[PDB]
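Single-letter residue listing:
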Amino acid sequence: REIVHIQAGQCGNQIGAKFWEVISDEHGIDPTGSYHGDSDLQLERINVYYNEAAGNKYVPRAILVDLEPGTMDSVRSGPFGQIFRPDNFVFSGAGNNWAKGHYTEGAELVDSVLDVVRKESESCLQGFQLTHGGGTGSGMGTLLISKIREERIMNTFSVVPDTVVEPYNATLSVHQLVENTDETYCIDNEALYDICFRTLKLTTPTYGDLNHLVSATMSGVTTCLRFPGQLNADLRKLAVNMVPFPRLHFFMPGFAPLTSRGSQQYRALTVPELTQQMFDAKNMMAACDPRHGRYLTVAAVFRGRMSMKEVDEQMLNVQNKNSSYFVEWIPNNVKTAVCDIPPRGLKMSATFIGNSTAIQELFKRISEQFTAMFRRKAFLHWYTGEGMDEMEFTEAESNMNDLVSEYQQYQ
Amino acid sequence: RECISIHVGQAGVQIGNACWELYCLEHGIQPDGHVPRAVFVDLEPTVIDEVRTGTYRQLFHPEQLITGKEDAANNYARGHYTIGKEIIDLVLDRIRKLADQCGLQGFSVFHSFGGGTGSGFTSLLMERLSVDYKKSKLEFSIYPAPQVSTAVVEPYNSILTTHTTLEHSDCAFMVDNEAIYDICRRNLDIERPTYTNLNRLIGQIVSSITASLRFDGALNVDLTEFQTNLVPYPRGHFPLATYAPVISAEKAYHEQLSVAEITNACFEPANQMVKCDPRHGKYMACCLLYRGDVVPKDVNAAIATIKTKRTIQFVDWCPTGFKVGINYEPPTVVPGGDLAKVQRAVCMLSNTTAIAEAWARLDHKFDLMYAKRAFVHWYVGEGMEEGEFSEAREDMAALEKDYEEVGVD
Ligand SMILES: Nc1nc2c(ncn2[C@@H]2O[C@H](COP(=O)(O)OP(=O)(O)OP(=O)(O)O)[C@@H](O)[C@H]2O)c(=O)[nH]1
Ligand SMILES: Nc1nc2c(ncn2[C@@H]2O[C@H](COP(=O)(O)OP(=O)(O)OP(=O)(O)O)[C@@H](O)[C@H]2O)c(=O)[nH]1
Ligand SMILES: [Mg+2]
Ligand SMILES: [Mg+2]
């Protein structure tokens, strides 16, 4: 099987450097070097992220998309920066109109994209990893998938938060994520800072970091499950256990051992310590706080030798101490997953992929903000004036809003 | 006469290397002797490689060591239909290539019940067998257990494997599910029982089946013998495996336990590699395979005492259902694992009314999932239909009635 990473924007890019910084070592691939792999198993499945050309040069099969040179020119001028084949670096009026990047402006640039998304797929393809309330985002990216899904999965690692029409560009994209995408690990820039400045006494959290933290979660998700386990799952399981209603629904990823370097290295990681972590408010890469709305599904994708008993068990008390918020029409919201090998240097970790709520309590939010401002067409002229439609916004909000109703169908 | 074996999954392979070890060990065939009679499958090279790098390296043919190159998927459908299909041919080929070289009796499969490549795949493997050879499909699994399942879907994968297994899987030795752990907690003491420790066990009980039995003795028991003395009815009936001297090689020392103790310690409700406690299940046939220093009178007495304990109630239509299998060579414990190492053991297996449970509890799971179609779209879109499910459910239904009628009455 295979996948092709996608470093959209600076952030998504900055993180690329960290996602690949890691992953490589978790696959013994030095800058341009080959497989120094301490073992022999970190190679039989690499393909998922590289390509064979020379014989020591397995090049990451990702894409680096960005309209700001300096960025990619910082990622390409630093450490592992010289492993990406230059071909990878893909450096109109990008109006902040969902309809401007989905129907009028983006619709053109699409074919010249699909072109490549095929050059990379035909590099069997599984899906693409994507790291990164606007035009080029909700509209054009929400199109990229609607096309992809007609032609493999689409995991999205978003750094959820800053705009005015926001609910317009949003409601319209969530809509598409219902019949297109189907896997988002909603990470974030200020939910990260927090989680990175108080859960990691880290005082100067550079972007590289945030990115790095995020990339840490998207590794636990995918790649991870493509490892053995007493009880392993894979994108689908994750999908087929987490989406009660077709909207596509968005999640909120959370990593396990998130302790400051020296001191904190408490090792309180028997397991109750990981669920302690993962399930608290802070520590949810999302902005919103779980404590503010039930869950529909949860997927503790652990990856480190543990007792299918102390795992399967804990999950329960957790489900009972908080019966309040965990929705009821799902006897067992939680989807326990269990890999074996842990994050290279750690003893025990567990990625958390939480699905927000059925009284969709986030898409609700978003959807609300829209209407309250759509009603007055607030900053709508910046969309329409960019070749959009008054029916486009209607569409999204309606399509995205419906997701909340369906998701409740299971709560 | 023979019984091929397909060890699937890293685990099924680790357990395989183990069960395969115990074998030669009690047949005097060192590292490099004859030729096995099984195969090894895995989609992760590094593990089968362990059989290619480590011990028992040259006792295999790089031909009976396969890997793969696709996705597992913890979903029946995909494993049975869609993906699993592609491999089957090839799979069969070996159980037709290995079945020829030997009039065989079946394939002892080593992997697990509920799962992606364990439920689905086999479903059609046993499926394609019942038509070809009509033979036996006894799959030796390391699974659950009810309240401690793993996969989120598990039941979907079980209810589907049962229905399509009715004519596919004859008997699934459902050990390691969670009842073998008890044995590791209660009869050996250890909270850290790695999957490797659980296999060493079946790796033992199994050694008592083939290995030693196909090995000369004072009361030999052929494979056919089993099914004959062990299945009262065509349903690929599933007996349960049990071992006697499961004492710890460090804790206690109650080793010297006369045959008049090891036998009885196979009746208790906490030493049978199966969470099917005789909650009522009347035995209907037991094959007491002994090994080591055992006097036939000791047995033809230790068993007599049992036949009259009544609280051990055997089926009605069955006067005597005790196949006494005596071997010579005592067991052979891992040099330094955690198994005691006695000079006699009792690997008694049997059809109790009792899987009446295990099947029940596994069937109900399907109804819960299917009742909502859960992961159904995953199979349909893989060349299956509302038929195969619903019609494989009805299948097992008459396996809940079968295992009920042949007993309790
Ligand atoms: N972790 C991380 N987050 C970043 C980084 N750069 C930006 N962000 C976050 O991503 C969002 C910023 O997106 P922008 O840089 O404004 O825009 P863009 O997505 O690159 O595309 P344009 O709006 O067209 O410029 C904010 O929420 C930032 O906090 C980065 O290097 N790392
Ligand atoms: N008893 C026993 N269980 C094992 C052994 N090795 C692995 N297992 C168990 O079997 C499962 C592991 O399967 P993997 O090793 O990940 O995979 P595989 O089935 O060999 O095939 P791939 O996923 O393609 O590598 C886990 O539930 C382990 O606990 C073993 O030697 N003995
Ligand atoms: Mg930009
Ligand atoms: Mg393997």
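cryo-EM is the method the PDB entry states for this structure, with the resolution given as 8.9 Å.

Side note on the domain arrangement of chain A
All names here are of chain A. In terms of domains, chain A is made up of domain 1 (1-244), domain 2 (245-358) and domain 3 (359-411). On a C-alpha basis, the centres of domain 1 and domain 2 stand 22 Å from each other. Contacts between domain 1 and domain 2 engage 48 residues on the former and 40 residues on the latter. When contributions to the side of domain 1 that touches domain 2 are tallied by element, the ones reaching two or more residues are helix 6 (167-179), helix 7 (189-197), helix 8 (207-225) and helix 9 (235-242). A per-element tally of the side of domain 1 that touches domain 2 places helix 8 first, with 8 residues.

Overview of the interface of chain B and chain A
In this assembly, 18 residues from chain B lie in contact with 21 residues from chain A. Taken together, the two surfaces of chain B and chain A that pack against each other cover about 1,900 Å², and 55% of this comes from carbon and sulfur. The largest contributions to the chain B side of the interface with chain A come from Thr150, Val152 and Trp378 of chain B, which together make up 27% of the buried area. At the junction of chain B with chain A, the criterion picks out 1 salt bridge.

Quick notes on the site of ligand 1
Residue and element names in this part refer to chain A. Every residue lining ligand 1 is accounted for by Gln10, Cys11, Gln14, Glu68, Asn189, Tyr207, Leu210 and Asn211. Note that a nitrogen atom of ligand 1 is positioned 3.0 Å from one of the side-chain N or O atoms of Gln10. One of the side-chain nitrogen or oxygen atoms of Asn211 is found 2.9 Å away from a nitrogen atom of ligand 1. Bound to the protein, ligand 1 loses 55% of the 650 Å² it would expose on its own. Broken down by secondary-structure element, the contributors of at least two residues to the shell around ligand 1 are helix 1 (11-25) and helix 8. The element contributing the most residues to the shell around ligand 1 is helix 8, with 3 residues. Within the shell around ligand 1, the residues separate by chemical class into 3 nonpolar, 4 polar and 1 charged.

Conventions adopted
Residues numbered from 1 in each chain as written, not as in the entry; some residues may be left out. Chains lettered and ligands numbered in written order. Heavy atoms only, no water. Residues with missing side-chain atoms left out of burial classes, pairs and counts. Domains from an automatic or database assignment. Contact = heavy atoms within 4.5 Å. Helix = DSSP H or I, 4+ residues; strand = E, 2+ residues; numbered from the N terminus. Buried area = accessible area lost by both parts, 1.4 Å probe. Salt bridge = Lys/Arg side-chain N within 4 Å of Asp/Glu carboxyl O. Near = heavy atom within 4 Å. Polar contact = N/O pair within 3.5 Å; in protein donor to acceptor, adjacent residues only side chain to side chain. Areas by Shrake-Rupley, 256 points an atom, 1.4 Å probe, with all protein chains shown as cover. Nonpolar A, V, L, I, M, F, W, Y, C, P; charged D, E, K, R; others polar.

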